[PDB]
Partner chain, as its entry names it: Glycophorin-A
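Only one chain is included here, represented as structure tokens and corresponding to the form deposited without its partner chain.
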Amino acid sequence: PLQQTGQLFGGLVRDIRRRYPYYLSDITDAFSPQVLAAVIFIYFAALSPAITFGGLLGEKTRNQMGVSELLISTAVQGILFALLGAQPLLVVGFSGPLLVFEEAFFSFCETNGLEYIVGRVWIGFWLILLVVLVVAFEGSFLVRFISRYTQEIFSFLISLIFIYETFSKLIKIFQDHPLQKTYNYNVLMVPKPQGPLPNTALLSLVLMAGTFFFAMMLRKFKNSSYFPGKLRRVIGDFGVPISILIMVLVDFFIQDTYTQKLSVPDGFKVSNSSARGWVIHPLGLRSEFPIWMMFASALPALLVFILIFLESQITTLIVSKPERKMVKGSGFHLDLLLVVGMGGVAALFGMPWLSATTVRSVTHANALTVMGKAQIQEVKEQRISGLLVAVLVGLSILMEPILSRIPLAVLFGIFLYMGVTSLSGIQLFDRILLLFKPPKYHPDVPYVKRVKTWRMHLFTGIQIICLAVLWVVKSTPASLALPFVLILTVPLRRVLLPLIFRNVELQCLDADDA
């Protein structure tokens, strides 16, 4: 799949030929309760980031790109990707790096007196050209140089960021509504409460903790000996939806305390009608777009392409591992072409360009994974779950009566569950756990029996240093340099690490398969 055929668009045609013969099975394998449970789970997992990032985007760009734009982008691009993608289990949506770039480019346009929504159009043009060139010459073969080292550093960092951000949201709730002796019990609640409210922070904490606990307990019950096997598996596959329902009902019967609920736009409208309309004129809206910027849009285009390419391709590598028991194949070239070209086209309508996100895609793949009776029997690979998730995200503006009843703390508990369950299957996390167990309890794995304990710990420590560096870079005003700092783990593995470790240790600690 990552070989170079020497022909123009050879990898793309190979991906299409390999995956499209499976289309009827991609439709029919969706007929299972597990697929429906995964649809509900991933629908919440995909809607909540869209709303959060759309709110932040509207705040940071003055509603030139807001919540409705991101919802429409996610829905349409997810539908097209589920219909035409070589790896239908990838979930394409907004991410933190994309928001950071949008902020930086909006700042640049404001400083230089340019229209931000037209500079985005030209960035999209350049993204289309660049991805077409990369797929013509099969540049996705470079993905073969990203080994388990980089894949697992990236996955662990993303999971840690997920968990940290949900906890920071909870801490923010506690900061807005601190526990006080007295309150101004007639606080105004529009648009959001203007002052501290009693019981709000503790109730949010309780709701998050209860959702997390019920999800984890139903996960345990799925793999337990209780109840008939089929009913047990069905109930445990609906574990996350059941926990969400339980906690939403708990919140529904407490009418006196305030908790923040999901908010969606009132309709399918642009966030700022005065700023721009549905279709962006590339030559400008209220002023002529400069030619020098028409050409200089190639560097922001290169940065955006690097971000999207790295994120999506590492996600594809993670979900397509041989251990996970995927058998229908994955197309790096086709998926890259689809995602980047769709983002470039969406820039022409003012919508965000998206990326195959790591935690969401891994959660989607795990929700479709069938556990054999501590082993992975198979994965329900099909195009219906992602299609239905994208359709539901595109219909969320019409689902206000239901979504307005769902607290954000329940979804925080679900996000904590996603973050913790995404750590499974990552050998870096296993080796981090081994740092605390005595050597006599270390598992029977090649890197435990073939590598001395202190050398394996040193390997894990170098990886932890890489993680710390990445976290610091992400926390600084140089956050946009993260993709390059992560790319630096490839030369670190292929050049620096051989100077420390021996070949046998490096093959044991960085094996292609487990």
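Residue numbers count along the first chain shown, from 1.
The protein also exists as the form deposited with its partner chain bound; that form is not presented, and the subsequent description refers to it.
A.B. asks: Consider residue 514 of the chain shown here, and say whether it contacts its partner chain in the deposited bound form, taking contact as heavy atoms within 4.5 Å.
C.D. replies: No, no contact at 4.5 Å.
A.B. asks: So, in the deposited bound form, is residue 20 in contact with its partner chain at a 4.5 angstroms heavy atom limit?
C.D. replies: Output for residue 20 is no: heavy atoms all beyond 4.5 Å of its partner chain.
A.B. asks: Even though the partner isn't displayed, in the deposited bound form is residue 398 close enough to its partner chain, meaning a heavy atom within 4.5 Å?
C.D. replies: No, residue 398 stays farther than 4.5 Å from its partner chain in the deposited bound form.
A.B. asks: So, residue 84 and its partner chain: in the deposited bound form, are they within 4.5 Å at any heavy atom pair?
C.D. replies: Residue 84 lies outside the contact set for its partner chain.
A.B. asks: Check 137, 276 and 284: does every one of them have a heavy atom within 4.5 Å of its partner chain in the deposited bound form?
C.D. replies: Every listed residue reaches its partner chain in the deposited bound form, so yes.
A.B. asks: Exactly one of 149, 162, 106, 125 has a non-hydrogen atom within 4.5 Å of its partner chain in the deposited bound form; which residue is it?
C.D. replies: The residue from 149, 162, 106, 125 that makes the contact is 125.
A.B. asks: Scan 249, 133, 402, 171 and let me know which has any heavy atom within 4.5 Å of its partner chain in the deposited bound form.
C.D. replies: The option sitting close enough to the partner is 133.
A.B. asks: Looking at heavy atoms inside 4.5 Å, which stretch does its partner chain contact in the deposited bound form, given the options 411-419, 286-294, 302-310, 317-325?
C.D. replies: So the stretch in question is 286-294.
A.B. asks: Within 1-20, which residues come within 4.5 Å of its partner chain in the deposited bound form, counting heavy atoms only?
C.D. replies: Those in contact are 8, 9.
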